[PDB]
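Before any comments, here is the structure.
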Amino acid sequence: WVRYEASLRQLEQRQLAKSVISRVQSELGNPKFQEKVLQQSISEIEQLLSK
Amino acid sequence: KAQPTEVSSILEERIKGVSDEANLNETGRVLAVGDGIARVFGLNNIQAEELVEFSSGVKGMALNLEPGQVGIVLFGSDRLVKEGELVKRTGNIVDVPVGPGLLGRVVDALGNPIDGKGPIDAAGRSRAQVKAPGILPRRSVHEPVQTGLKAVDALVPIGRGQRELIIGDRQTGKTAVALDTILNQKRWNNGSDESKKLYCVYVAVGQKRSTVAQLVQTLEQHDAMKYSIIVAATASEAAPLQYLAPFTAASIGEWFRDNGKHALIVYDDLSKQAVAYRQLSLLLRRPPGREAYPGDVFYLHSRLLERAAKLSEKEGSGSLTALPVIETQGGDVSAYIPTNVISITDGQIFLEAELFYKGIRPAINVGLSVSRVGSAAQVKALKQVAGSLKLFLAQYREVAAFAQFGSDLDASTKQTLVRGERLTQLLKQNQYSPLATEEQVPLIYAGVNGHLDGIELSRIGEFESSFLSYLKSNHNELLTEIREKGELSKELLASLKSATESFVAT
Amino acid sequence: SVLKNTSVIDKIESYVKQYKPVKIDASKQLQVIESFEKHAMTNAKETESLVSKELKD
Ligand SMILES: Nc1ncnc2c1ncn2[C@@H]1O[C@H](COP(=O)(O)OP(=O)(O)OP(=O)(O)O)[C@@H](O)[C@H]1O
Ligand SMILES: [Mg+2]
């Protein structure tokens with residue numbers, strides 16, 4: 001009853017792996033790619049302004 | 001399991017924090033990638049041997065620092081790397097985590113938990129290339145390492161901080177002696193006296209994953225994994241990882257050595273270390289040496305092995321015992337790497353297939369198998385108190401020295417013949433059955449006062465087992481007295497002789 | 001506690017406890033075991049009486 005729980009741990013991560021496939025497929029179909037460049041712009045400003 | 005979800009969330013937030021705090025400009029650009037090699041334009045101020053990250057996510061070590069472009073080996077496959085990729089600099093030399101949470105876990109060359117039992121609790125982080133202790137900060141080897149093998153205990157002593165080589169041929173029993181020692185250390189690894197604890201650390205460079213799976217199943221069956229650490233470099237991993245793994249394991253053991261404890265390293269099949277280094281050097285266009293090996297393989301092996309030592313009382317009197325393994329092709333010990341390793345170690349344990357097929361299961365060639373330490377690093381009970389355990393080496397040399405060329409001349413020759421053949425049949429042992437000094441002493445002591453009267457050769461094995469029974473029953477006082485005090489006193493010699501002759505009459 | 005999906009251990013722990021008195025010892029031999037001995041007293045003293053008499057005789 002322990003390694004079944006351990007296998008339950010391992011299998012649960014495995015459907016989370018294909019969950020990321022569902023997650024990542026959700027990542028590629030957004031206008032955020034347009035919005036994400038502004039995220040770099042504000043971030044890179046915060047980066048070198050620190051120096 | 002929602003807990004790993006927020007764990008991953010905070011992982012990703014610190015991932016962002018770390019990634020967007022670099023603003024690097026010396027981050028180089030990949031010019032070309034070879035078979036696990038990548039020359040990169042950039043990294044003007046890169047240190048030697050320094051770790052790097054590729055934009056894909058593969059690690060790399062800075063071997064060649066020629067002007068302009070830098071030679072980077074790959075800890076992994078060249079699968080995901082292309083030209084014109086930004087190469088991140090770690091800022092530190094290649095490092096491996098060290099600590100006491102390593103026990104019971106299996107990791108890779110870098111030190112990542114590969115067994116799949118969660119993260120690793122590391123008390124520190126040490127270099128893969130650390131300097132060996134100096135001439136003064138060390139002490140001579142005096143405490144003996146109890147192998148559990150009678151032929152490896154009473155004939156070729158090993159101790160804390162020595163370097164004993166298991167030289168031999170393929171599938172002769174090279175790993176058997178190491179695993180037997182690991183199992184034998186369980187007797188004192190379950191106690192409280194830390195001066196007698198021997199944690200085991202083992203390298204697996206080149207062995208297939210199935211073999212290491214069987215091995216770890218073995219240590220957990222006999223309940224030895226709790227004090228053992230396994231680092232694995234299968235042939236599937238890239239050559240840099242295999243080349244690096246033994247150094248990381250050396251640092252792992254040096255943690256215990258410098259912390260005052262005692263540890264044992266098994267450098268299993270150090271030859272494939274050499275072939276991985278060959279692949280590295282050849283792929284870097286470094287001029288080769290003899291028979292296509294890189295020149296500095298002797299330095300490679302010396303720096304690795306000499307890190308094992310017995311420290312002196314000032315620093316903590318820690319120890320680290322090296323147990324390297326070298327396989328030879330057709331018994332050719334004149335081969336280059338075999339010669340280097342026989343010249344680098346503090347003795348050797350020769351195993352050959354011919355004695356293995358002769359019945360001798362340990363297959364220890366006592367003619368060549370020698371230890372640079374004798375009386376030192378040996379339990380006294382297996383020493384001058386037993387008398388002949390100072391000089392069985394001469395006896396086994398002479399018995400081989402009169403087999404047919406020194407044909408039996410008189411009754412003395414016949415007596416020596418019978419004695420020697422009875423002893424050689426006595427030294428036989430089986431794998432997965434470690435033994436202890438307190439019952440080594442009676443068996444070989446019987447080898448001086450009544451051994452030719454053994455009940456024919458095919459039945460001397462149950463003779464030794466029944467002798468052990470007759471001494472563990474009704475005679476436990478002898479076994480105890482010789483096991484705590486570690487030597488045989490005059491009255492103790494008299495009692496042992498009396499018991500031996502009593503069972504001889506039996 | 002290593003099992004977060006226990007669901008049977010308390011039943012198993014109780015199953016150990018309900019059978020905690022597994023089975024008593026069997027000291028049944030109290031009439032035949034000494035019957036071997038009663039022959040042992042008979043023949044040994046028959047032998048000892050004879051040998052003691054004969055050694056002096
Ligand atoms: N004492 C022993 N009793 C019985 N069999 C033994 C004994 N020692 C070794 N063997 C057997 O000899 C074979 C090789 O032993 P071992 O596993 O130590 O390999 P090795 O010499 O290290 O070789 P390799 O380099 O191929 O791993 C195995 O089949 C093993 O079972
Ligand atoms: Mg082996």
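Residue names in the structure tokens use chain letters A, B, ... in the order shown, residue numbers from 1 in each chain, and ligand numbers from 1 in the order shown.
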Worksheet item: Mind listing as an MDAnalysis selection string which residues of chain A are within 10 Å of chain C, counting only C-alpha atoms?
Response: chainID A and resid 1:6
Surroundings of ligand 1 up to 8 Å, based on only C-alpha atoms and all ligand atoms, as a short mmCIF file (atom, residue, chain, number, x, y, z; two decimals) with N, CA, C and O atoms, in the first residue's frame:
```
data_model
loop_
_atom_site.label_atom_id
_atom_site.label_comp_id
_atom_site.auth_asym_id
_atom_site.auth_seq_id
_atom_site.Cartn_x
_atom_site.Cartn_y
_atom_site.Cartn_z
N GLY B 168 41.89 -7.20 -12.66
CA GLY B 168 41.40 -8.48 -13.11
C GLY B 168 40.75 -8.40 -14.47
O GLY B 168 40.78 -7.36 -15.13
N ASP B 169 40.16 -9.52 -14.88
CA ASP B 169 39.54 -9.66 -16.18
C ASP B 169 38.02 -9.51 -16.03
O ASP B 169 37.51 -9.28 -14.92
N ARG B 170 37.30 -9.63 -17.14
CA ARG B 170 35.87 -9.37 -17.18
C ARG B 170 35.09 -10.48 -16.49
O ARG B 170 35.35 -11.67 -16.69
N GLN B 171 34.11 -10.07 -15.67
CA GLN B 171 33.21 -10.98 -14.96
C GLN B 171 33.99 -12.03 -14.16
O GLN B 171 33.63 -13.21 -14.11
N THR B 172 35.07 -11.58 -13.54
CA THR B 172 35.88 -12.43 -12.69
C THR B 172 35.51 -12.32 -11.21
O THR B 172 35.81 -13.24 -10.45
N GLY B 173 34.80 -11.27 -10.82
CA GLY B 173 34.44 -11.06 -9.43
C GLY B 173 34.92 -9.72 -8.91
O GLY B 173 35.06 -9.53 -7.70
N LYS B 174 35.16 -8.78 -9.83
CA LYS B 174 35.70 -7.48 -9.44
C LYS B 174 34.72 -6.69 -8.59
O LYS B 174 35.09 -6.14 -7.55
N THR B 175 33.46 -6.61 -9.01
CA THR B 175 32.45 -5.93 -8.21
C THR B 175 32.05 -6.73 -6.98
O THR B 175 31.53 -6.15 -6.01
N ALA B 176 32.27 -8.05 -7.00
CA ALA B 176 31.83 -8.91 -5.91
C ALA B 176 32.52 -8.55 -4.61
O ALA B 176 31.88 -8.45 -3.56
N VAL B 177 33.84 -8.34 -4.66
CA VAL B 177 34.59 -8.03 -3.44
C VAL B 177 34.14 -6.69 -2.87
O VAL B 177 33.99 -6.52 -1.65
N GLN B 207 28.51 1.40 -16.60
CA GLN B 207 27.65 0.24 -16.42
C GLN B 207 26.21 0.59 -16.78
O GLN B 207 25.71 1.67 -16.46
N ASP B 269 35.52 0.27 -12.34
CA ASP B 269 35.83 0.30 -13.77
C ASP B 269 36.30 1.69 -14.19
O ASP B 269 35.68 2.40 -14.99
N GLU B 327 39.70 -3.31 -15.36
CA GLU B 327 39.54 -4.53 -16.14
C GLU B 327 40.60 -4.59 -17.22
O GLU B 327 40.84 -3.61 -17.94
N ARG B 361 36.53 -19.38 -5.74
CA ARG B 361 35.51 -18.37 -6.05
C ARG B 361 36.07 -16.96 -5.93
O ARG B 361 35.82 -16.14 -6.83
N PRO B 362 36.79 -16.59 -4.86
CA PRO B 362 37.44 -15.26 -4.86
C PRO B 362 38.43 -15.08 -5.99
O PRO B 362 38.62 -13.95 -6.47
N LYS B 428 38.18 -20.83 0.18
CA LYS B 428 37.01 -20.60 -0.66
C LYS B 428 35.87 -20.01 0.16
O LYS B 428 35.64 -20.40 1.31
N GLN B 429 35.16 -19.06 -0.44
CA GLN B 429 33.99 -18.43 0.16
C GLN B 429 32.96 -18.17 -0.94
O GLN B 429 33.27 -18.23 -2.14
N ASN B 430 31.73 -17.89 -0.53
CA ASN B 430 30.65 -17.63 -1.46
C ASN B 430 30.25 -16.17 -1.37
O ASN B 430 30.39 -15.53 -0.32
N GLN B 431 29.77 -15.64 -2.49
CA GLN B 431 29.33 -14.26 -2.52
C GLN B 431 28.09 -14.07 -1.66
O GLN B 431 27.37 -15.03 -1.35
N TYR B 432 27.87 -12.82 -1.25
CA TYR B 432 26.71 -12.43 -0.45
C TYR B 432 26.74 -13.09 0.93
O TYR B 432 25.71 -13.26 1.58
#
```
Practice prompt. Could you list the residues in chain A lying within 12 Å of chain B, using only C-alpha atoms, and format the result as an MDAnalysis selection string?
Written response: chainID A and resid 3 5:13 15:16 19:20 39:51
Item to complete: Within 9 Å of residue B:457, counting only C-alpha atoms, which residues show up once you throw out same-chain ones fewer than 2 positions away? Write them as a PyMOL selection string, please.
Response: chain B and resi 421-422+425+454-455+459-461
Worksheet entry | Contact residues around residue B:297 with only C-alpha atoms at 9 Å, ignoring same-chain residues under 2 positions, as a PyMOL selection string | chain B and resi 274+277-278+293-295+299-302+337+340
Worksheet item: Can you list, as JSON, numbers by chain, every protein, DNA or RNA residue that comes within 10 Å of residue B:360 when you count only C-alpha atoms, leaving out same-chain residues fewer than 2 positions away?
Response: {"B": [353, 354, 355, 356, 357, 358, 362, 363, 364, 365, 424, 425, 426, 427, 428, 429, 430]}
How about saving the chosen residues, N, CA and C atoms kept, as an mmCIF file, in the first residue's frame?
```
data_model
loop_
_atom_site.group_PDB
_atom_site.id
_atom_site.type_symbol
_atom_site.label_atom_id
_atom_site.label_comp_id
_atom_site.auth_asym_id
_atom_site.auth_seq_id
_atom_site.Cartn_x
_atom_site.Cartn_y
_atom_site.Cartn_z
ATOM 1 N N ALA B 353 40.550 -15.400 -14.438
ATOM 2 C CA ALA B 353 39.521 -16.379 -14.763
ATOM 3 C C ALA B 353 39.999 -17.811 -14.573
ATOM 4 N N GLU B 354 41.309 -18.053 -14.641
ATOM 5 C CA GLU B 354 41.804 -19.425 -14.594
ATOM 6 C C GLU B 354 41.558 -20.041 -13.218
ATOM 7 N N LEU B 355 41.916 -19.320 -12.149
ATOM 8 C CA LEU B 355 41.576 -19.773 -10.800
ATOM 9 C C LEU B 355 40.071 -19.786 -10.577
ATOM 10 N N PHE B 356 39.348 -18.865 -11.217
ATOM 11 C CA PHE B 356 37.895 -18.866 -11.093
ATOM 12 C C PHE B 356 37.308 -20.166 -11.618
ATOM 13 N N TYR B 357 37.824 -20.650 -12.744
ATOM 14 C CA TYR B 357 37.376 -21.920 -13.291
ATOM 15 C C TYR B 357 38.030 -23.105 -12.596
ATOM 16 N N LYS B 358 39.077 -22.867 -11.801
ATOM 17 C CA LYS B 358 39.641 -23.918 -10.962
ATOM 18 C C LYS B 358 38.822 -24.175 -9.706
ATOM 19 N N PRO B 362 36.787 -16.585 -4.857
ATOM 20 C CA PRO B 362 37.435 -15.262 -4.857
ATOM 21 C C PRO B 362 38.431 -15.079 -5.990
ATOM 22 N N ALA B 363 39.076 -16.162 -6.430
ATOM 23 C CA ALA B 363 40.063 -16.129 -7.512
ATOM 24 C C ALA B 363 41.186 -15.135 -7.227
ATOM 25 N N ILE B 364 41.656 -15.092 -5.985
ATOM 26 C CA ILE B 364 42.704 -14.156 -5.590
ATOM 27 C C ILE B 364 44.055 -14.788 -5.908
ATOM 28 N N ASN B 365 44.791 -14.182 -6.835
ATOM 29 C CA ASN B 365 46.139 -14.640 -7.163
ATOM 30 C C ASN B 365 47.089 -14.155 -6.080
ATOM 31 N N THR B 424 43.995 -24.055 0.506
ATOM 32 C CA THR B 424 43.402 -23.450 -0.685
ATOM 33 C C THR B 424 41.934 -23.829 -0.813
ATOM 34 N N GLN B 425 41.589 -25.067 -0.453
ATOM 35 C CA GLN B 425 40.179 -25.437 -0.413
ATOM 36 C C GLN B 425 39.454 -24.746 0.741
ATOM 37 N N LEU B 426 40.190 -24.340 1.779
ATOM 38 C CA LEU B 426 39.577 -23.680 2.929
ATOM 39 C C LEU B 426 39.275 -22.211 2.641
ATOM 40 N N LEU B 427 40.167 -21.534 1.908
ATOM 41 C CA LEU B 427 39.989 -20.104 1.656
ATOM 42 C C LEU B 427 38.780 -19.806 0.782
ATOM 43 N N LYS B 428 38.179 -20.827 0.175
ATOM 44 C CA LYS B 428 37.005 -20.605 -0.659
ATOM 45 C C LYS B 428 35.868 -20.010 0.160
ATOM 46 N N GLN B 429 35.161 -19.062 -0.440
ATOM 47 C CA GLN B 429 33.995 -18.431 0.159
ATOM 48 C C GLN B 429 32.964 -18.174 -0.941
ATOM 49 N N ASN B 430 31.732 -17.892 -0.530
ATOM 50 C CA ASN B 430 30.646 -17.633 -1.458
ATOM 51 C C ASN B 430 30.255 -16.166 -1.370
#
```
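Excluding residue B:433 and any residue on its chain fewer than 5 positions from it, the residues at most 9 Å away by only C-alpha atoms are residues 148, 149, 180, 183 and 184 of chain B.
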Worksheet item: So which residues of stretch 233-265 of chain B fall under strand (DSSP E or B) by DSSP, listed as a list in words?
Response: residues 233, 234, 262, 263, 264 and 265 of chain B
Worksheet item: Taking into account only C-alpha atoms and all ligand atoms, which residue in the set B:324, B:338, B:420, B:367 is nearest to ligand 2?
Response: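 When distances to ligand 2 are compared using only C-alpha atoms and all ligand atoms, the smallest one comes from B:324.
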Worksheet entry | Which of stretch 50-202 of chain B DSSP labels helix (DSSP H, G or I), written as an NGL selection string | :B and (100-102 or 150-153 or 174-184 or 186-189 or 194-196)
Worksheet item: From the list B:14, B:29, B:131, B:208, which residue is nearest ligand 2 when using only C-alpha atoms and all ligand atoms?
Response: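 Residue with the minimum atom-to-atom distance to ligand 2: B:208.
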Worksheet entry | Nearby residues (only C-alpha atoms) at most 9 Å from residue B:228, same-chain spacing under 2 positions excluded, as a PyMOL selection string | chain B and resi 102-105+182+199-202+219+224-226+230
I need the chosen residues saved as an mmCIF file, in the first residue's frame, with N, CA, C and O atoms.
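Result saved to selection-v2.cif:
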```
data_model
loop_
_atom_site.group_PDB
_atom_site.id
_atom_site.type_symbol
_atom_site.label_atom_id
_atom_site.label_comp_id
_atom_site.auth_asym_id
_atom_site.auth_seq_id
_atom_site.Cartn_x
_atom_site.Cartn_y
_atom_site.Cartn_z
ATOM 1 N N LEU B 102 22.661 12.687 1.545
ATOM 2 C CA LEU B 102 22.954 11.866 0.377
ATOM 3 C C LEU B 102 22.703 10.390 0.649
ATOM 4 O O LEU B 102 22.363 9.637 -0.272
ATOM 5 N N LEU B 103 22.882 9.959 1.896
ATOM 6 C CA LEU B 103 22.749 8.553 2.255
ATOM 7 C C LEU B 103 21.368 8.028 1.893
ATOM 8 O O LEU B 103 20.353 8.668 2.177
ATOM 9 N N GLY B 104 21.337 6.860 1.259
ATOM 10 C CA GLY B 104 20.101 6.259 0.817
ATOM 11 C C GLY B 104 19.551 6.781 -0.490
ATOM 12 O O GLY B 104 18.430 6.413 -0.858
ATOM 13 N N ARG B 105 20.296 7.623 -1.202
ATOM 14 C CA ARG B 105 19.831 8.215 -2.446
ATOM 15 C C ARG B 105 20.769 7.840 -3.583
ATOM 16 O O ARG B 105 21.928 7.480 -3.353
ATOM 17 N N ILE B 182 30.968 -3.734 1.284
ATOM 18 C CA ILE B 182 29.873 -2.830 1.635
ATOM 19 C C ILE B 182 28.888 -3.525 2.567
ATOM 20 O O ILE B 182 28.442 -2.953 3.568
ATOM 21 N N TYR B 199 30.857 4.624 6.065
ATOM 22 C CA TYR B 199 29.879 4.882 5.026
ATOM 23 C C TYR B 199 30.482 4.565 3.663
ATOM 24 O O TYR B 199 31.660 4.816 3.396
ATOM 25 N N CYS B 200 29.655 4.002 2.789
ATOM 26 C CA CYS B 200 30.105 3.533 1.490
ATOM 27 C C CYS B 200 29.600 4.470 0.405
ATOM 28 O O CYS B 200 28.427 4.847 0.393
ATOM 29 N N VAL B 201 30.496 4.864 -0.491
ATOM 30 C CA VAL B 201 30.140 5.643 -1.667
ATOM 31 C C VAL B 201 30.703 4.942 -2.896
ATOM 32 O O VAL B 201 31.865 4.522 -2.911
ATOM 33 N N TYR B 202 29.860 4.787 -3.913
ATOM 34 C CA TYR B 202 30.136 3.907 -5.042
ATOM 35 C C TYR B 202 29.894 4.665 -6.336
ATOM 36 O O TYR B 202 28.910 5.406 -6.447
ATOM 37 N N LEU B 219 21.771 -3.802 -2.362
ATOM 38 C CA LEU B 219 22.097 -3.129 -1.102
ATOM 39 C C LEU B 219 20.854 -2.893 -0.252
ATOM 40 O O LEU B 219 20.930 -2.916 0.983
ATOM 41 N N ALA B 224 21.844 -2.190 3.388
ATOM 42 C CA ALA B 224 23.076 -1.420 3.350
ATOM 43 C C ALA B 224 22.928 -0.075 2.659
ATOM 44 O O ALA B 224 23.853 0.742 2.735
ATOM 45 N N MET B 225 21.801 0.175 1.988
ATOM 46 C CA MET B 225 21.607 1.440 1.289
ATOM 47 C C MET B 225 21.527 2.619 2.252
ATOM 48 O O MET B 225 21.799 3.758 1.856
ATOM 49 N N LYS B 226 21.159 2.371 3.511
ATOM 50 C CA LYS B 226 20.986 3.468 4.458
ATOM 51 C C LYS B 226 22.299 4.185 4.746
ATOM 52 O O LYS B 226 22.290 5.356 5.138
ATOM 53 N N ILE B 230 25.076 6.147 -4.140
ATOM 54 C CA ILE B 230 25.383 5.640 -5.472
ATOM 55 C C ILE B 230 25.356 6.814 -6.438
ATOM 56 O O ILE B 230 24.338 7.505 -6.566
#
```
Discussion item. If I take atom CA of residue B:451 and atom CA of residue B:374, how far is one from the other in Å, to one decimal?
Written reply: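 Separating atom CA of residue B:451 from atom CA of residue B:374 is a distance of 25.0 Å.
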